[PDB]
Amino acid sequence: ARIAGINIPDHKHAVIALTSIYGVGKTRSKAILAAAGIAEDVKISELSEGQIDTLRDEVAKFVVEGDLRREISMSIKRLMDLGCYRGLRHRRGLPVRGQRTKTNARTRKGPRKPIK
Amino acid sequence: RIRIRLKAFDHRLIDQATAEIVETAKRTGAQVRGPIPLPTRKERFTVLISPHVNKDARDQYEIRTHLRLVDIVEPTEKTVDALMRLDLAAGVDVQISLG
Amino acid sequence: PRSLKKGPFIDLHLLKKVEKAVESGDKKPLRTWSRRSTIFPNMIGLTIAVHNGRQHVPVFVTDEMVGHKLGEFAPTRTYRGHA
Amino acid sequence: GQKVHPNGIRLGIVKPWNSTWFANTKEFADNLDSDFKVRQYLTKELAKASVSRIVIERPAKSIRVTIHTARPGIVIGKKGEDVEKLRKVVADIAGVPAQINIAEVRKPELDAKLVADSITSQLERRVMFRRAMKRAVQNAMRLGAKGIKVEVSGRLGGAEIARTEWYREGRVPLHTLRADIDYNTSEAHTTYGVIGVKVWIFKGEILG
Amino acid sequence: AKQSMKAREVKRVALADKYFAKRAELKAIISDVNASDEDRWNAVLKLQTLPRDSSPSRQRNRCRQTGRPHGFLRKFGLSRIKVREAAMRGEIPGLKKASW
Amino acid sequence: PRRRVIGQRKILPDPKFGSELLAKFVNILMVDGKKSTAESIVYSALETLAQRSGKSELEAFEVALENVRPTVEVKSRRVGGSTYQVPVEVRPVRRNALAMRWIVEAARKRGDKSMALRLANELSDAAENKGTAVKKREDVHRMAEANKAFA
Amino acid sequence: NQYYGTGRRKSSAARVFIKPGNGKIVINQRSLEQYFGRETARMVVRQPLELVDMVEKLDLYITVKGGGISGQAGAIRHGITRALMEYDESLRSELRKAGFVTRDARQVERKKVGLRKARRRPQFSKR
RNA sequence: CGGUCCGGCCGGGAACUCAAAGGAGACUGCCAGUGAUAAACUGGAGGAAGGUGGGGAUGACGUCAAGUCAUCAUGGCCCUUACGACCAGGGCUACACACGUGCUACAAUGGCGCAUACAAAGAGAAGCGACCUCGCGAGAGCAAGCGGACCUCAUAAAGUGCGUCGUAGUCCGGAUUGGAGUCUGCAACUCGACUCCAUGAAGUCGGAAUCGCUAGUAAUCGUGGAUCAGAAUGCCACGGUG
RNA sequence: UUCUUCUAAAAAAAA
């Protein structure tokens, strides 16, 4: 009920609850439960500490929040100080995968700034 | 057995042609199955008719490829030489296939 | 990106040029228009003037630029704001 | 321009195609291109001779083109001299063995293409457009046509602003599909630009 | 369209037929899984030396009568405007205005 | 419209009960052409309505409908300079249409878990003379009463 | 000794065969409930056979191609009516009143040039 | 009917679906009423269809000096060591903002997982590409059949049955971004499509206003084609529920 | 019941 240093929900099913960890989605959660021999429909409550310990050992094999944010930020920072096109686009805060920018770039640009 | 496939853009012409084929087979030899009508392929196209800008002004054309199938169950020599030497009107495409 | 089984792409003229450069050890900037070529380990420490449509921008190749294409470090759009 | 082409709208009812052959998609485009080249060459060569229609048909990998013209003596001249000269160069252009037949056009004053070329030649040699239109309509109506409508358009009489003039005697039913309206156009390259001529000829309703 | 564009088209189609076999052979070598890295590397290097216009992908289908690069139709080899003109005059067999 | 009053089109009745207006109800309730889903919802709502009412599903549906059917409604005339809401009597087919539409739009606004449960609760309250559907009925009746002077 | 009918709907074609028996309905070598899980479909199939009281006096051998659930169901109903009209020759006066003999000819309207669907025009803007 | 590996599959049969070709059929043809002894209108009898049965093609004289000299043709004006021509790289994909047309949504008439049922219309030789093996997957290797009512694209989806989620920014929604790849093409950085893992913005039905639709229509769900080496939420067609 | 205004350049044929 506490995995990877964060508290995961309890009333939720195990396969859903595991996704709360930064670095684990639905498929990775399924793979974890399969390796640990735990059914997907069981909740985080009414589950033994030994099973939860097996879950911790299984999740340890992957990369989760602590080093994942560090490496993601490191890659983004790498691009920016590297001076590549993606770096310049990142520092300017615009879409980097070659999207249109004349309109529909709201997620990277935030809410509209009116002309003054 | 010998199979003949007729393709044409004019249905009246293909009907006349297939009637001629079954007649010319029936005269020299015999045992022609009959003039089977195969499905007509309607190939359609849609083109813009304005030279510069009118997206809602278009023409819808089609090319109907009519098809006919005839075959001789057991062909003789006086059947096969005759149909080889015989020629038909332009616009009809014949396809000889033995076996 | 390019499929792994086909290998990386680099123009033959640029390949010969970087070979001559690393052999003679000269330090003059190699000007080129080859924006579509990937960086190889021997090109580290060299200055290559990649074309940007108007001029030949000089870029100093470091060890952190190997897996990228040269054109990423020579931006072609010039923009300074609207206001 | 609002009205659909009369020959096109009647292509399966009463009017025949000007090229009747079959070809699969592999050789359809180059066949069409070959037809265009031979039509262009023939129209360029036989400008003086009143050529009305160039029907093309290719049975068993051999092109056979039948020209419909109103002056066969002019196009053949001495017996078998230039028809072979046209046949060889057409066969060379198409790259397939050719054969050229010639059909005479009885009553050339009731043929849309020939009237258009006559009007266009008269325009090119600077006659009054009204005079040419009246002469063509009177000649056609005298020879027994059920109806003709001619239209001439663009910078008439050397004017500054273009206009369209048209005459119509008799019936010219363009909505009736079974009416065998012979329609054709032409254009005159005068010293003040290009003048367009259009002509519809209604020969009588076809039943069946 | 310009005569220059038509000239570029005929030049490209000529070079494509001229170098068709060599490009096919080189692509087969590169795509071959049972080939060493060094020969595949030499093949991708050799492929560049061939004239750029010799590639099949370099040509754009233009209307055979006017060289218009837009609105092409493969079955007729012409653009939409020339297809309509030819159809309404009767040069394309079996073609007529459809209705259904 | 202007020229011709069209002839009324036929509707086949529901399979389970053979009722015409219940079939009309499922037609009104359906969204995106999913008649099967709509049929499942109305059948479940009726099956729980039968328990809560102790009567047959047709009778319970009808008594619930009767408390939602209006008898007079306002229609705009505007012969004068302002909007004249004239109260006009409502014909039976339109009465049934209005009742069924109001019930459906009320059930779509309730906050229960399933549409079947929403529809069942709405029908029970309607039979019990409560809810936003009968509130809408009293509102249109009150408006027609206040504007009863024009006829 | 079999009695045949043909029913058609939107795009479906149903071939029915009538043989005297106990009332077995089989469609494409499957039972009616097995083939048509939808209750409205089951009702429209049984509609002529419960209009005239011959529900249990004869068996139905049915084969249907093309269409969808409701289309195949309507086609089956049309075929049953057409087959009954020649099997009995006097039920027509009642089936016509019930509107069963008529072939519903409402086909799906084709899409048109300029329109986004059969009749739906694209969104229009003045300014 | 005779046999079956239970598969129209195989001897066979030409009835049926269906595939085309010809013909019949719907014309106010018949009856009653209204009407000026008319034209015509309302109603019913037969009939699959009743008054234009449904849809499409078909656009008068002309209007807007409407649109196109950048599809093409063409009078005149302009350049001819350049306003002509070739090549590489860049741009047409930029971005404080405003508008038009769409796609996906805000959820329980739903999302996810498993099992299962019914289509139509097309395209295919520098092409469509079965089956088998490898890969979680996009796909790769070998590779029959098909110029095609035969083979391939291609298992349609909504539906139905079971299970779970329980009104939450959620097992809704997939934007954005990082890492690893596949395919086309000399060449996916600017600037292609798709896949795997991780990430999960805004959005809880929308102000003033405004648009489409009278029946197999609106709404909704998939499928194909043109363009095309690759590259659609657009366009043009097709069917399912309704 | 109220509902105002649109400056300033056009061309049209001659048996």
Side-chain angles (χ1 to χ4, degrees), chain A residues 13 16 23 25 27-28 41 68 72 75-76 85 95-96 98 100-102 106-108 112-115, chain B residues 11 15 37-40 44-46 51-53, chain C residues 1-4 9 33 35-36 51-54 68-69 71-72 76-77 79 81-83, chain D residues 2-4 9 24 160-161 175 187 189 191-194, chain E residues 1 4 33 47-48 50 52 55-57 63 66 68 72 79 81 97 99-100, chain F residues 30-38 41 81 113-115, chain G residues 4 6 10-11 13 15 35 37-38 65-70 72 102-103 105-111 113 118-125:
Chain A
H13 283 197
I16 300 299
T27 176
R28 189 169 288 186
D41 54 339
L68 182 53
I72 282 186
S75 50
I76 286 174
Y85 173 75
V96 304
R100 200 179 177 171
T101 315
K102 184 172 184 158
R106 299 264 70 93
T107 52
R108 290 309 308 283
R112 317 171 181 276
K113 270 76 68 172
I115 302 192
Chain B
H11 89 268
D15 271 351
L38 276 196
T40 299
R44 306 186 158 110
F45 310 91
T46 295
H52 185 236
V53 293
Chain C
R2 175 86 182 247
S3 181
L4 269 194
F9 182 81
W33 295 261
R35 311 185 92 264
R36 61 183 195 179
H51 198 233
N52 72 331
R54 177 166 44 178
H68 293 72
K69 291 206 167 188
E72 296 193 54
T76 45
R77 270 72 168 261
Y79 168 74
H82 289 311
Chain D
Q2 316 152 339
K3 289 177 206 64
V4 71
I9 205 55
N24 288 321
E160 190 84 49
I161 56 183
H175 280 70
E187 57 168 28
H189 292 319
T191 185
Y192 286 107
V194 58
Chain E
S4 298
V33 306
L47 190 47
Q48 315 166 17
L50 294 200
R52 276 186 181 192
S55 169
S57 69
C63 170
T66 185
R68 189 183 146 101
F72 190 76
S79 83
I81 301 176
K97 287 188 56 58
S99 182
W100 66 96
Chain F
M30 159 179 41
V31 71
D32 303 330
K34 323 183 71 168
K35 182 175 281 215
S36 76
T37 74
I41 290 178
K113 298 280 186 177
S114 64
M115 183 48 181
Chain G
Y4 168 79
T6 302
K10 304 201 188 188
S11 179
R15 321 163 52 230
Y35 195 79
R38 177 137 172 72
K65 285 177 74 187
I69 293 89
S70 310
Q72 286 179 178
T102 185
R103 189 264 182 275
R106 295 175 298 165
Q107 306 319 99
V108 54
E109 207 165 327
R110 58 160 288 183
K111 182 188 180 307
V113 170
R119 294 191 191 177
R120 170 80 162 74
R121 195 166 291 275
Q123 186 177 185
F124 156 74
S125 163

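The analysis underlying the following values was restricted to heavy atoms, covering all of them including side chains, and did not include hydrogens, waters or symmetry mates. Lettering follows sequence order; numbering is per chain, from 1.
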query = What integer number of Å spans the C1' atoms of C118(H) and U160(H)?
reply = 12 Å
ask   = Is any side-chain N or O of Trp100(E) closer than 4.0 Å to OP1 or OP2 of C238(H)?
value = yes
inquiry  = With a cut-off of less than 4.0 Å, is there a side-chain N or O of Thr101(A) near OP1 or OP2 of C95(H)?
reply    = yes
task = Establish whether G212(H) and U4(H) are paired, applying the Watson-Crick or G-U wobble definition with both distances under 3.5 Å.
result = no
Base-paired stems that RNA chain I participates in, counting runs of 3 or more Watson-Crick or G-U pairs under 3.5 Å = none
message = Give me the distance, rounded to whole Å, that separates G124(H) from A130(H) when you measure between the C1' atoms they each carry.
response = 15 Å
ask   = Can you tell me if the side-chain N/O atoms of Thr37(F) get under 4.0 Å from OP1 or OP2 in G159(H)?
value = no
message = Please determine whether a side-chain nitrogen or oxygen atom of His52(B) lies at a distance below 4.0 Å from atom OP1 or OP2 of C69(H).
response = no
inquiry  = For a quick check of understanding: with a heavy-atom distance under 4.0 Å over all strands, which category does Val31(F) fall into, base, sugar-phosphate or nothing?
reply    = base
ask   = Given that both distances must come in under 3.5 Å, which nucleotide forms a Watson-Crick or G-U wobble pair with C92(H)?
value = none
request  = Could you work out which one of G242(H), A117(H), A48(H) sits closest to the side chain of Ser70(G)?
outcome  = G242(H)
request  = For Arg119(G), report the nucleic acid contact type (base, sugar-phosphate, nothing); a contact means any heavy atom under 4.0 Å.
outcome  = sugar-phosphate
request  = Measure from CD on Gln107(G) to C1' on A48(H) and round the result to the nearest Å.
outcome  = 12 Å
Per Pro51(B) side chain, nearest of listed nucleotides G239(H), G67(H), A96(H) = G67(H)
ask   = Is there a Watson-Crick or G-U wobble partner for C1(H) with both distances under 3.5 Å, and which nucleotide is it?
value = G11(H)
inquiry  = Applying the Watson-Crick and G-U wobble criteria at under 3.5 Å, what pairs with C99(H)? Answer none if nothing qualifies.
reply    = none
inquiry  = Quick one, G7(H) with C172(H), are they a Watson-Crick or G-U pair at under 3.5 Å for both distances?
reply    = no
remark   = Judged by whether its glycosidic angle lies within 90° of 0, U133(H) is anti
message = Could you tell me how far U184(H) sits from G139(H) if I compare only their P atoms? Round to whole Å.
response = 11 Å
task = Please determine if a side-chain N or O atom of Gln123(G) lies less than 4.0 Å away from the OP1 or OP2 oxygen of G102(H).
result = yes
message = Heavy atoms from C-beta onward define the side chain here; which of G89(H), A65(H), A237(H) lies closest to that of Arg110(G)?
response = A237(H)
ask   = Which of these nucleotides, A219(H), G178(H), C61(H), is closest to any side-chain atom of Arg120(G)?
value = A219(H)
ask   = So which nucleotide does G181(H) pair with, by the Watson-Crick or G-U wobble rule with both distances under 3.5 Å?
value = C194(H)
inquiry  = Under 3.5 Å, is there any donor-acceptor pair linking the side chain of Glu109(G) to the base of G56(H)?
reply    = no
ask   = Contact class for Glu187(D) (heavy atom, under 4.0 Å): base, sugar-phosphate, or nothing?
value = sugar-phosphate
ask   = Where does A96(H) fall, syn or anti, if syn means a chi angle no more than 90° from 0?
value = syn
query = Hey, do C171(H) and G8(H) pair up, Watson-Crick or G-U wobble, with both distances short of 3.5 Å?
reply = no
request  = Measure from the side-chain heavy atoms of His189(D) and tell me the nearest of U71(H), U74(H), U17(H).
outcome  = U74(H)
ask   = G169(H) and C150(H), Watson-Crick or G-U wobble pair at under 3.5 Å for both distances?
value = no
message = For the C1' atoms, the ones on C1(H) and on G13(H), what distance do you get once it is rounded to whole angstrom?
response = 9 Å
ask   = Counting side-chain heavy atoms from C-beta on, which of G242(H), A98(H), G212(H) comes nearest to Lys35(F)?
value = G242(H)
ask   = Below 4.0 angstrom from OP1 or OP2 of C16(H), is there any side-chain N or O of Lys65(G)?
value = no
ask   = Which whole number of Å gives the distance between the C1' atom of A198(H) and that of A140(H)?
value = 27 Å
remark   = Mate of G159(H) across any strand shown (Watson-Crick or G-U wobble, both atom pairs under 3.5 Å) is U116(H)
request  = Assign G7(H) to syn or anti; the rule is syn for a glycosidic angle within 90° of 0 and anti otherwise.
outcome  = syn
key: Base-pairing assignment for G147(H) (Watson-Crick or G-U wobble, both under 3.5 Å)   = none
task = Between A187(H) and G230(H), how far apart are the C1' atoms? Round to whole Å, please.
result = 13 Å
Base partner of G29(H), which must satisfy Watson-Crick or wobble distances under 3.5 Å = none
request  = Give a yes or no on whether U155(H) and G22(H) are a Watson-Crick or wobble pair, applying the 3.5 Å threshold to both distances.
outcome  = no
inquiry  = Base, sugar-phosphate or nothing for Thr107(A)? Non-hydrogen atoms, less than 4.0 Å.
reply    = base
request  = Do nucleotides 183-190 of chain H as a string where each nucleotide becomes B, S or -: B if the base has a protein heavy atom under 4.0 Å, S if just the sugar-phosphate does, - if no protein is that close.
outcome  = B-BBSSBB
ask   = Where the side chain of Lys97(E) is concerned, which of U71(H), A57(H), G89(H) is the nearest nucleotide?
value = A57(H)
request  = Look only at the side chain of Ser55(E) and the backbone of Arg52(E), and say whether a donor-acceptor pair between them is shorter than 3.5 Å.
outcome  = no
task = Ignoring backbone atoms, test whether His13(A) places a side-chain nitrogen or oxygen under 4.0 Å from the OP1 or OP2 oxygen of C165(H).
result = yes
message = Please determine whether any donor N or O and acceptor N or O are separated by less than 3.5 Å between the side chain of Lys113(F) and the base of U167(H).
response = yes
remark   = Given the 90°-from-0 boundary between syn and anti, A168(H) should be labelled syn
Distance below 4.0 Å between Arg38(G) side-chain N/O and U241(H) OP1 or OP2 = no
query = Out of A119(H), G178(H), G67(H), which nucleotide sits closest to the side chain of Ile72(A)?
reply = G178(H)
remark   = Glycosidic torsion of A39(H) (syn if within 90° of 0, anti otherwise) classifies it as anti
request  = Indicate whether OP1 or OP2 belonging to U217(H) is found under 4.0 Å from a side-chain N or O atom of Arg121(G).
outcome  = no
query = If the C1' atom of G122(H) is compared with that of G127(H), how far apart are they to the nearest Å?
reply = 16 Å
message = Please report the distance separating the P of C128(H) from the corresponding atom of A226(H), rounded so that it comes out in whole Å.
response = 11 Å
task = Using Watson-Crick or G-U wobble geometry with both distances below 3.5 Å, tell me the partner of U164(H), or none.
result = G111(H)
request  = Would you check if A237(H) and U223(H) are a Watson-Crick or G-U wobble pair, both distances kept under 3.5 Å?
outcome  = yes
